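The form deposited in one PDB entry is given below as one chain in structure tokens.
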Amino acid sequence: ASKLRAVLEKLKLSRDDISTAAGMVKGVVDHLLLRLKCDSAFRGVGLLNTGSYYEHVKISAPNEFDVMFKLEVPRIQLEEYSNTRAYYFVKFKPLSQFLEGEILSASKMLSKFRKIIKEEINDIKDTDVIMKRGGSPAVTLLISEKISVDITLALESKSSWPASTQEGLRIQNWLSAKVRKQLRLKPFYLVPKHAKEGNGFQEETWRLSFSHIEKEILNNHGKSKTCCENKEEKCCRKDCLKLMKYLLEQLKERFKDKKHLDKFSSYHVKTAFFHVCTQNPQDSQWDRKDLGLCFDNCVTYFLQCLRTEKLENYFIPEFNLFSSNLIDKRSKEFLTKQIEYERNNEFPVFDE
């Protein structure tokens, strides 16, 4: 616990470092937003509220920034791609230029999006900005040869969430049934991430995204509406997620020689954390004075997800983030062994 608190104190020393870097991400995003609005296909574009800086810049890792551009779309009709539950074809009930039959081409939309951004990068003489894995819905920029920012186009749909979500967002015993109903009345988003079609991609498919809901449940995270609003109600939920993310970042650095861990992501840690919040719904199970135990709760559940090769998407229960289709068996066994060693030995990766 004292070691975990020291880690948390150490992480705070880079508070201003991440602050100023988020401002550089922020300013470039606003110039991008204006140019995109000039285009007929993207003039309803805007910034989605997903991050801790302003409202639109999310930190996924040190110097890895995440921004989502939402696009209000006329009423959409969805067609689930096969039985994948997260991936969908988009149909209608301006964007005409991206249709292939009746299906809105994710690859064609994302292609023009990528093109317009690339045009604004070449034009700007303010700073050094460049372009850049596979299968991502994001277009990632590099600012000042040091700051990385994923920019993701996101179709906004204001209709009821798709059926694959009906048993997801299992917050009823933690944040309440009332809140679940309120959250499910908000829009959902589709990003041009394509399902894998054999060896390539179904380049017309989109994936559901609930990044806005993820931010809301992290910031408004207690059973008590006044959780973390006073000294009597200080929980350690956010600190536990921070320590889980830092554990994964540190292991990925230590195992960088053979890149065994590069498929694992802060998104996996965040998803597992939300499941532990469901499992431990009472604020009394996250008392700040129990940080060590709460972190152990998070590590042991993550370990179980690795061993069983099952980490359910928090909104889409039948989408398994740890399926063999996405992460090979050998990599999940590898990470299990190292987290087991770390937990058995009081986390030597956090030493010094």
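Numbering starts at 1 and follows the sequence shown. Definition used throughout: the rigid core is the maximal C-alpha set that superposes within 1.5 Å between two forms.
A second form of this protein, the form deposited in another entry, is not displayed here; the remarks below concern that form.
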After rigid core alignment between the shown form and the other one, the listed option with CA shift of 2 Å or more out of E318, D39, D287, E55 is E55
Threshold 2 Å Cα movement between the shown form and the other one for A22, core superposed = yes
When the two forms are laid on each other by their rigid core, does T127 show a Cα shift of 2 Å or more between the shown form and the other one?
-> yes
Taking the shown form as reference, the Cα pair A61 and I171 shifts by 3 Å or more in the other form and sits farther
Taking the shown form as reference, the Cα pair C236 and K58 shifts by 3 Å or more in the other form and sits closer
